[PDB]
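See structure below.
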Amino acid sequence: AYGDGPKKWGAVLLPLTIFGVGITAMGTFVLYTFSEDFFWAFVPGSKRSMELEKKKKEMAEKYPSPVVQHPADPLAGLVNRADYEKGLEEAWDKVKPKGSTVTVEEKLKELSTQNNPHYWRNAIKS
Amino acid sequence: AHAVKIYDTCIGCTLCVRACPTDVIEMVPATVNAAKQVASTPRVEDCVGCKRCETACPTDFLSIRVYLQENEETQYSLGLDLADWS
Amino acid sequence: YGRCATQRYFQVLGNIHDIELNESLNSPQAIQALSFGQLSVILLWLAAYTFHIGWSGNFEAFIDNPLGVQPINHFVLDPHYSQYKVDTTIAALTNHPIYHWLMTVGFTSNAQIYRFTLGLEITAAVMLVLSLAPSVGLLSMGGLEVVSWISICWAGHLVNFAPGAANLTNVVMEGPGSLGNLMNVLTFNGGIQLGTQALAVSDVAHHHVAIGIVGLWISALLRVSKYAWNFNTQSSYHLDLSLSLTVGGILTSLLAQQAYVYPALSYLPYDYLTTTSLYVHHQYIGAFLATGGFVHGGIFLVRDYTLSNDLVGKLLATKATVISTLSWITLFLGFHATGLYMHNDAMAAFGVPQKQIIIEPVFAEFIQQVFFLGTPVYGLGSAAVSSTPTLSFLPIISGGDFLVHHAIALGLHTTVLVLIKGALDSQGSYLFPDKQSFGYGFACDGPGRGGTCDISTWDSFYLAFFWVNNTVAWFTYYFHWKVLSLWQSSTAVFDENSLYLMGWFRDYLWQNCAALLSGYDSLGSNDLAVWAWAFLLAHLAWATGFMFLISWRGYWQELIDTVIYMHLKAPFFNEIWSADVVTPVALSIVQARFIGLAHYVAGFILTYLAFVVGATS
Amino acid sequence: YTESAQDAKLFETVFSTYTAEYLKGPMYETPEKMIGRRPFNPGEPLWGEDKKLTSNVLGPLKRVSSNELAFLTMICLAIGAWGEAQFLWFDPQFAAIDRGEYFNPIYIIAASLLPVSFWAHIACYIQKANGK
Amino acid sequence: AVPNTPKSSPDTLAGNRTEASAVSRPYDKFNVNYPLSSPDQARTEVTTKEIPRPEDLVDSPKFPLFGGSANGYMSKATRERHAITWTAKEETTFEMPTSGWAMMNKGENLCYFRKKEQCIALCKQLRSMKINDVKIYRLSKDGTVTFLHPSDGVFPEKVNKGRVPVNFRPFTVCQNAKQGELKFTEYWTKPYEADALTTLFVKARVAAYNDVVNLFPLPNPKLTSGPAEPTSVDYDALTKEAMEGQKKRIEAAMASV
Amino acid sequence: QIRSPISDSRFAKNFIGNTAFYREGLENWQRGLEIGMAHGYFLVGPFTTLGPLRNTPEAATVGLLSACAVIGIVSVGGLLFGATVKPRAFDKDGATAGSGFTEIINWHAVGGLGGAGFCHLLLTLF
Ligand code: CLA
Ligand code: CLA
Ligand code: CLA
Ligand SMILES: CC1=C(/C=C/C(C)=C/C=C/C(C)=C/C=C/C=C(C)/C=C/C=C(C)/C=C/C2=C(C)CCCC2(C)C)C(C)(C)CCC1
Ligand code: SF4
Ligand code: SF4
């Protein structure tokens, strides 16, 4: 008949598909909450994410890419950072206020250094 | 831990220090303002994020800025009283 | 483990698909893989519909008598039904034009539907396989050339299954032949073809082959325009996503309009409920897509744009002018539409309906008469009558439609105002000069500086989504009442009572709810009982959204703290639960606003769907 | 020497100016500067210091003379206007379809050349302004 | 009592609160010098003998005249405690940070709280009542005591020597780099954590990008396995003329300033 | 730790203290069995009457099945709690975290089945 079919298949599956599947999904999500990889990609400093970052760095330093990539350090893009600073030094000496005692490398060290211990990647003793 | 920063525009009011309910801001000597003192935040881990320090800063805009980081909540940042995570 | 708070759920689940923040699969290959998985889900959803239509459905009985049979969606096997309700219900009826679509595209049996379900499942498997192997090679797939080729192939399918394909002489083997031979499968008659009361399948196939060829040509022209003047200066997933979402919203809204006025599915206009649901659904989808385009434009401004003297830089520099002029437009439109509606309300209330301000929509009437209508209906602009007119379902406008279109303009302009204002102030306002360093979404900047509630760019979308839903509600009320009057042959109750808003209440909402509320009562329950129940459920969801929107966190955080105290002080449970595992904390401000908006719009959609079903049943 | 705050600001300005003028050249090597992203394509600068388009903006026809492009755009305009007029008004082709006969391919091919004439005259003025 | 409080010890109910916080919240860590700002800042050390954990004190003479309340910390459900040690001049009433009222002792006083915010609020109240030497301590799960609030002996409202500035950014708030400028870097979502050098560099980089008249084409990589394409443009001559342009542009720019 | 007669009088101390969850001298299985018997005998009640099949001869049997289902669901929830939180409040020396609580929940399931069966027996009889 018309009713038969979906009746038997439903009596088998609808209890399964709703009860068993949804309850298993809820229980597995609660387990995933207590799992070590709980939202690992969105929790800063998580073990899986940090290991992935380390392995990405290892692959980048072991298999150099012929194409140029976005520099993680914006100053790391420079093909010759030495020449960059040497020019800065020459320009600064050209426009130094009188016999100023301030040099370019000290200023670059002062600007690059920063005391932000509470920023992560620094709270992980890194 | 909600990152809290101090900028050059700080004029050593000490109001941000007095407004902090968890002793995050702290007055260090400096040579950038007439007060010869500048706020610092060495105990950001205690910052709840209430932004009372920003309410008490008299500069044109906030010489002390509290950047809420909801993806890095802490029992000290969440102000937990009945749950301990330590 | 799991020594986090419940805030972790709503914090990550709000960015769970913000893959740019997911450093693992951050590459564009992963995003294409996500597209493949989404298309697999879409294919499985269509397979669901086709499988339940072919399994427990009357498509074989539908093709025979498309006017006298009601399409069946799926078999109902709810254990909670009472024998009577079981005897009462036959099966879950159909609220979508899938029967009409299958009939149009040449389905004549349940065996064809079953093969279609198998093909959909196999294609979903193919999509999953493609998603298994993200790769720059797969990034080659796609493009306007690919979609135009899909259009050409769909044209080929429609040619193969056109009603006149039987009379078609094989062109590729016996030559093109006479023009009528091609007219068996490729026509440009234009408009409704009578009988099926829909566009001819030949028209649709010819449309698709033309669109595919033109799209191939346009893609080639765009790529040679990329040959010289090759400048991909601003590439961002959010910029391209905003482009795609805005174009898709325009296309979906146009689909709603031109599918009501030029139905392409056979015997669709005879089914009032499916037509109304189609229009409402597609308009909601189009509005959502346009809002998403604006949202992703704002996101691109927030975290992918670098200030320059470009188009966006010029827009940002004079953002005050844009916001001020949009505010003026919205103020004028709202003031005048509301004032004219209130004046008409007062005149109708005071027994003087003649003294209402009925501004005739003479401009739209001029456009309609000069460009669309083939007979003199209004007589302004032109009065010529077409010797060989074509048929369609373009409504005839009247005085109330002027005010309704001004309400639509007010809604659209206010939504655009909120979205543009938020996107352009993501770069900073004088209350929040450094919004470029706070991300797209954040709670607030505290009670200082007078208060900074809802100052985030995400809060701009949160505020504008109410306006999106309100505008769609306004023009869907317009469409629904217009088509209800046309189908009920009133066409004068609308044209008179839509001038004042008490008409919009009494004759539209209060009047069309009579049958829906009688879905179940003391006497019994009929087939509309499910929709009355869904009506109530949607109202409940809407008011829960009210809870999440009105009451804010601090109260609820203190209340949850007291509840935690009760749990930790409760017997037989302090030994088991120390609140350290998944600490129960109140929803964050952004999470609360989003969840309140979600309940609001869920109740909105379900309420209007139940009302449409109960009114056009 | 008791460096002034204004001296520190001067150094910041000097650093910013030097960096800005240095990263433009081939000593920074960032993905943005890759051909077809931000730069002007190697040997084909589109415009100079003054914002005047060079002949390189035309692409393959970057050395077709101004006179030849003027002739091309005028012939395309004339042929396209003839095709459009012969398709829409004079001997209409849709009415020919109503007669049961096919379109005239000459009219369609002719009318296809109007946007060709548009871009051709724009390129012609670009060439003329560049002295080509 | 078993119905009043759970029968198991706080450590038993805690389970693995540690070794799970390190997993659930790997970001939640204190810097190497938590109460202070510089490593060479004395760092006075106190032990449980000075400030014992509250479960080891019953009817201590240093407790104030407090009648107990439901608003205190969660014994056996939380292990972290914050203690205040202040010396009074006279016995007067004060508001507990957890509501209710207590009366201070004539001499030494000692209170225990869960959150440091309660201790700081009580310190503000006491200092408003002319009380010095308000010392605030933190009690850990294992009993290690960390001295807080006047960490270097001088209250933070008063500037003191030996305090290195922390989280000090040498510019204005809106002089931070924009997120789009710091894209693909570790500071993309947190431009306020970038260095001054990095912010200045990216703010100059965005200006450099907007000068395509002098921007360098940056030739395509050679990825295909076949022979190099002959092309029609000399990259060496372009590089030389770009060096000349860069030199002259830098000279003119430095002449301007 | 505040003191109230409801939570600190000798009756409260010796009542909560003598319950299966806290009574001295009880093995974990005994606590589970007793709590389960109580819960199962209670749960048959609200299902035999106040249910879909109230006025049927099999009302008691349907109530028993529903009570066993509720006992099983709450026992699965307790197993989930023991697997995630591992309360450790009942574990003996050594062993593993949450072993005692898991044993308590398993014997609670057993006792729930037993008590539900006993209630169904007392309903069918008498
Ligand atoms: C969007 C997908 C979808 C949905 C919502 C439903 C909904 C329903 N199906 Mg169903 N079905 C589908 C697809 C779907 N079907 C497909 C593709 C098939 C072919 C294999 C079937 C075959 C099928 C049978 C044979 C039966 C149902 C039945 C039912 C009903 C009870 C639920 C059940 O037991 O499902 C069981 C369904 C399956 C075991 C098939 C798996 C469903 C598909 C393949 C998964 C799609 C997932 C989708 C992409 C979303 C994933 C994301 C999600 C996590 C949010 C319910 C009306 C039963 C019924 O009518 O009883 C009253 C019944 O007997 N369905
Ligand atoms: C193809 C289109 C498309 C794509 C690819 C994206 C992609 C993205 N969007 Mg986006 N968006 C889109 C369309 C799109 N959007 C549209 C159309 C809108 C307007 C409505 C928006 C509005 C929007 C906002 C406002 C935000 C994003 C954000 C994001 C990013 C993170 C997504 C995330 O994790 O959300 C998480 C997703 C969810 C939490 C899903 C919610 C689950 C729903 C509500 C369930 C409710 C339905 C329920 C079953 C109904 C029950 C009924 C009841 C009666 C029972 C991601 C890049 C975020 C971002 O980039 O911020 C940095 C962000 O804040 N989007
Ligand atoms: C009925 C409810 C309602 C009404 C009337 C408004 C009205 C308005 N909203 Mg609004 N809003 C609402 C609900 C409502 N909102 C909700 C629920 C949300 C979700 C949070 C929002 C979110 C929202 C946002 C995010 C924005 C607005 C904006 C606006 C203004 C748009 C300009 C306009 O139309 O001016 C017309 C004003 C009215 C119709 C108000 C009534 C004025 C009188 C009573 C009617 C006219 C009478 C007569 C002509 C005057 C007599 C003059 C003389 C004889 C005395 C307007 C004041 C935008 C704005 O302020 O831009 C300017 C904007 O950005 N709203
Ligand atoms: C009224 C009242 C009260 C009380 C209440 C309650 C709490 C009740 C309960 C009651 C109950 C709740 C009871 C119970 C009972 C139970 C039982 C009686 C059981 C039994 C069981 C059994 C006997 C089992 C057996 C077995 C086993 C063990 C296993 C295997 C199987 C068998 C069956 C063999 C009060 C004081 C508060 C106050 C007021 C009054
Ligand atoms: S209130 Fe503002 S300006 Fe004054 S010391 Fe604090 S941070 Fe500096
Ligand atoms: S937000 Fe509140 S707790 Fe954080 S530093 Fe500012 S005042 Fe202190």
Self-check item: Matching residues, the stretch D:93-122, being more than 17 Å from the chain's Cα centre (by Cα), hydroxyl-bearing (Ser, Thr, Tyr) and away from every other protein chain (no Cβ under 14 Å)
Solution: D:107
Quiz item: Has the stretch F:40-56 got any residue that is assigned to a helix (DSSP H, G or I), under 22 Å from residue C:568 (Cα atoms) and within 16 Å of ligand 4 (Cβ to nearest atom)?
Solution: no
Quiz item: Does the stretch C:492-526 hold any residues that are touching a residue at least 60 places away in the same chain (Cβ under 8 Å), assigned to a loop (DSSP other than H, G, I, E, B) and under 17 Å from residue C:404 (Cα atoms), and which are they?
Solution: C:498, C:499, C:500
Self-check item: Residues of the stretch E:159-177 that turn out to be in contact with a helix residue (DSSP H, G or I) (Cβ under 9 Å, 6 or more places away or on another chain), surrounded by fewer than 22 Cβ atoms within 10 Å (Cβ to Cβ) and in a loop (DSSP other than H, G, I, E, B), as a count
Solution: 2
Exercise. Output yes when any residue across the stretch C:185-204 is over 14 Å from residue C:264 (Cα atoms) and surrounded by 17 or more Cβ atoms within 10 Å (Cβ to Cβ), and no when none is.
Key: yes
Quiz item: Take the residues of the stretch F:102-113 that are over 13 Å from residue F:72 (Cβ atoms) and touching a residue at least 40 places away in the same chain (Cβ under 8 Å): which is surrounded by the fewest Cβ atoms within 10 Å (Cβ to Cβ)?
Solution: F:103
Self-check item: Restricting the stretch B:51-74 to residues that are out of contact with any helix residue (DSSP H, G or I) (no Cβ under 9 Å at 6 or more places or on another chain) and buried (at least 19 other Cβ atoms within 10 Å of the Cβ), the residue that is farthest from the other protein chains (Cβ to nearest Cβ)
Solution: B:69
Quiz item: Looking at the stretch C:332-377, which of the residues that are among the polar types (S, T, N, Q) and in contact with a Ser or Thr (Cβ under 8 Å, 6 or more places away or on another chain) is farthest from ligand 2 (Cβ to nearest atom)?
Solution: C:375
Self-check item: Qualifying positions in the stretch C:427-453 - within 16 Å of ligand 2 (Cβ to nearest atom), free of Cβ contacts under 8 Å to residues at least 40 places away in the same chain and touching a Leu at 6+ places or on another chain (Cβ under 9 Å)
Solution: C:438
Exercise. Starting from residues that are touching a helix residue (DSSP H, G or I) at 6+ places or on another chain (Cβ under 7 Å) and more than 8 Å from chain E (Cβ to nearest Cβ), keep the ones in the stretch A:74-83 and report whichever is farthest from residue B:72 (Cα to Cα).
Key: A:81
Self-check item: Number of positions in the stretch C:45-87 that are touching a residue at least 60 places away in the same chain (Cβ under 8 Å) and within 14 Å of chain A (Cβ to nearest Cβ)
Solution: 3
Quiz item: Do you know which residues across the stretch C:444-466 are within 9 Å of chain B (Cβ to nearest Cβ) and surrounded by 22 or more Cβ atoms within 10 Å (Cβ to Cβ)?
Solution: C:445
Quiz item: What are the residues in the stretch A:84-123 that are more than 19 Å from residue D:20 (Cβ to Cβ), part of a loop (DSSP other than H, G, I, E, B) and at the interface with chain E (Cβ under 10 Å from one of its Cβ atoms), if any?
Solution: A:113, A:114, A:115, A:116, A:117, A:118, A:119, A:120, A:121, A:122, A:123
Exercise. Assess whether residue F:22 counts as being within 13 Å of the chain's Cα centre (by Cα), away from ligand 5 (no atom under 16 Å from the Cβ) and more than 14 Å from chain A (Cβ to nearest Cβ).
Key: no
Practice problem: Filter the stretch F:72-84 for residues that are surrounded by fewer than 22 Cβ atoms within 10 Å (Cβ to Cβ) and either within 16 Å of ligand 4 (Cβ to nearest atom) or not in a helix (DSSP H, G or I) (or both) and give the result. | Solution: F:72, F:74
Quiz item: Which one of these does residue E:11 not meet: (1) assigned to a loop (DSSP other than H, G, I, E, B); (2) more than 10 Å from chain B (Cβ to nearest Cβ); (3) not polar (S, T, N, Q)?
Solution: (1)
Exercise. Evaluate the following for residue C:202: is it assigned to a helix (DSSP H, G or I) and out of contact with any strand residue (DSSP E or B) (no Cβ under 7 Å at 6 or more places or on another chain)?
Key: yes
Quiz prompt | Selected residue (only one of B:41, B:9 is within 7 Å of another protein chain (Cβ to nearest Cβ) and closer than 27 Å to residue E:125 by Cβ) | solution = B:41
Quiz item: Is it fair to say residue C:474 is within 14 Å of chain B (Cβ to nearest Cβ), more than 16 Å from ligand 5 (Cβ to nearest atom), in contact (Cβ under 8 Å) with a residue 60 or more places away in the chain and part of a helix (DSSP H, G or I)?
Solution: no
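Read-outs throughout are calculated quantities, based only on the coordinates presented, and are distinct from any laboratory measurement. No Cβ is skipped: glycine too gets one built from the backbone with ideal geometry, and neighbour counts run over all protein chains shown.
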